[PDB]
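Visitor: what follows is a protein structure lacking sequence information:
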Ligand SMILES: Cc1nc2c(c(C)c(C)n2Cc2cnn(C)c2)c(-c2ccc(Cl)cc2)c1[C@H](OC(C)(C)C)C(=O)O
Ligand SMILES: Cc1nc2c(c(C)c(C)n2Cc2cnn(C)c2)c(-c2ccc(Cl)cc2)c1[C@H](OC(C)(C)C)C(=O)O
């Protein structure tokens, strides 16, 4: 798929919100725990993702998340335009005993996902690099 | 330089702590605002960085930051072993008026730094990909 398409969704676990970004063409994931499922957390997350990877278009399974003027401004500033969450939840449960806070287990699961085999982290760098 | 060497340092601005990670061979930066300059924030940051990029060795200008058992455990789990901050502070001041919170301005400055020209974000993907 195109090298700039990211899918972004907000999932739940242990009463907390986990925002999951997936590089469609590669399966590479960037996920974080946020205190609330607000537009301010989404906007701030998009600004982080955009500055680290080429984010050209963003898709979601809940269009209402991209309706806040806060989120639209972030998409405007970064020049952004408009399944996997169970695989991650699977990994989180496997490593959940190794961590106290859920945020730590989430990052443990992101590490495992991106580096497990080529791997998702290896495909994205090859895709983004090929396009360059 | 080697494709897995990252430099990590904790800088200050507006009474808050900004942790800055720099991919030595490329100049690519990942930076975030943390509430306090504690080992728990460092460890959690390392776990995030490691899961998104190949982090093999980490250097710092303050060795005492890597002495906490909390940080050493993160380095252990992720298989990690053991100038730029002014360029970023320069960009943060330029865009500071465009944001209320310092964390937003930091990510704005990371975006600008990595994508400004090849750019730092383009060199890192070419370096990591070449090594693959
Ligand atoms: C909350 C926490 N405290 C920790 C550690 C460690 C290793 C120590 C010694 N302590 C103090 C302690 C624990 N028990 N006692 C009696 C004292 C870790 C940790 C877990 C896995 C990895 Cl790879 C790396 C660090 C965490 C993790 O949180 C972060 C935010 C990452 C620090 C978490 O969520 O478990
Ligand atoms: C705190 C904040 N509130 C915001 C916005 C926006 C665009 C609106 C409308 N509001 C509500 C508002 C502001 N004034 N009034 C009277 C009502 C942004 C922002 C700034 C730059 C970008 Cl590219 C994208 C969003 C932020 C930033 O914080 C994050 C954590 C990113 C949300 C920040 O630090 O400025």
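Guide: Done, it's in. Residues are numbered from 1 along each chain as shown, chains lettered A, B, ... in the order given. Ligands and ions are numbered 1, 2, ... in the order given.
Visitor: how much space separates the residue in chain A sticking out farthest from the centre from ligand 2?
Guide: When each C-alpha in chain A is compared with the mean C-alpha position (CA atoms, centre = their mean), residue A:97 comes out farthest, at 23.1 Å. For residue A:97, the distance to ligand 2 equals 33 Å [CB to the nearest ligand atom, to the nearest Å]. Any C-beta I mention is one placed from the backbone N, CA and C, and that applies to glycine too.
Visitor: just residue A:73 next, same as before
Guide: Taking CB to the nearest ligand atom, one finds residue A:73 at 3 Å from ligand 2.
Visitor: how far is stretch A:37-44 from where the chain is centred?
Guide: 13 Å (CA atoms, centre = their mean, to the nearest Å).
Visitor: now do stretch A:105-122
Guide: 12 Å.
Visitor: ok, that stretch near ligand 1 or not?
Guide: No. Against ligand 1, stretch A:105-122 shows no contacts by CB under 6 Å from any ligand atom, the least distance being 6.6 Å.
Visitor: so which bits of that stretch are buried?
Guide: Within stretch A:105-122, the residues that qualify as buried are A:105-111, A:113-115, A:119-122, counting by 16 or more other CB atoms under 10 Å in any protein chain shown.
Visitor: say whether chain B is contacted by it.
Guide: Yes. Using CB under 8 Å from any CB of the partner chain, we find that stretch A:105-122 touches chain B at A:107-108, A:110-112, A:114-115, A:121-122.
Visitor: quick check: of those, which lies closest to residue B:28?
Guide: If you rank those by distance to residue B:28 using CB to CB, residue A:121 comes first, at 14.8 Å.
Visitor: thinking the closest one is in contact with residue A:28, fair?
Guide: Yes. Applying CB atoms under 8 Å, one finds residue A:121 in contact with residue A:28, separated by 5.8 Å.
Visitor: circling back to that earlier point, quick one: contacts for the residue farthest from the centre of chain A?
Guide: Contact partners of residue A:97, counting by CB atoms under 8 Å, 6 or more residues apart in numbering or on different chains, are absent.
Visitor: how about the residues of chain A by ligand 2?
Guide: Close to ligand 2, as judged by CB under 6 Å from any ligand atom, chain A has residues A:40, A:43-44, A:47, A:69-70, A:73-74, A:77.
Visitor: neighbour-wise, give me the winner out of those residues.
Guide: Neighbour counts for the residues of chain A next to ligand 2, by other CB atoms under 10 Å in any protein chain shown, peak at residue A:74, which reaches 26 neighbours.
Visitor: gap between that one and residue B:108?
Guide: 10 Å (CB to CB, to the nearest Å).
Visitor: can you name the residues that contact the closest residue to residue A:39 other than its chain neighbours?
Guide: Once flanking residues are discounted, residue A:39 sits nearest to residue A:68: 3.1 Å by CB to CB, 6 or more residues apart in numbering or on different chains. By CB under 8 Å, 6+ apart, residue A:68 lies in contact with A:39, A:42-43.
Visitor: phi, psi for residue A:68 please.
Guide: Here is the backbone geometry of residue A:68 (degrees, to the nearest 10): phi -70, psi 140.
Visitor: coming back round to it: now do the shared contacts for residue A:121 and residue A:28.
Guide: In contact with both residue A:121 and residue A:28: residue A:114, using CB under 8 Å, 6+ apart.
Visitor: helices of chain A, residue ranges please.
Guide: According to DSSP state H, chain A carries its helices in the segments A:39-52, A:69-77, A:84-95, A:102-115, A:120-131.
Visitor: quick check: bridge partners of the residue nearest the centre of chain A?
Guide: Residue closest to the mean C-alpha point of chain A, counted by CA atoms, centre = their mean, is residue A:21 at 1.6 Å. Beta-bridge partners of residue A:21, counted by DSSP bridges, are residue A:8, residue A:30.
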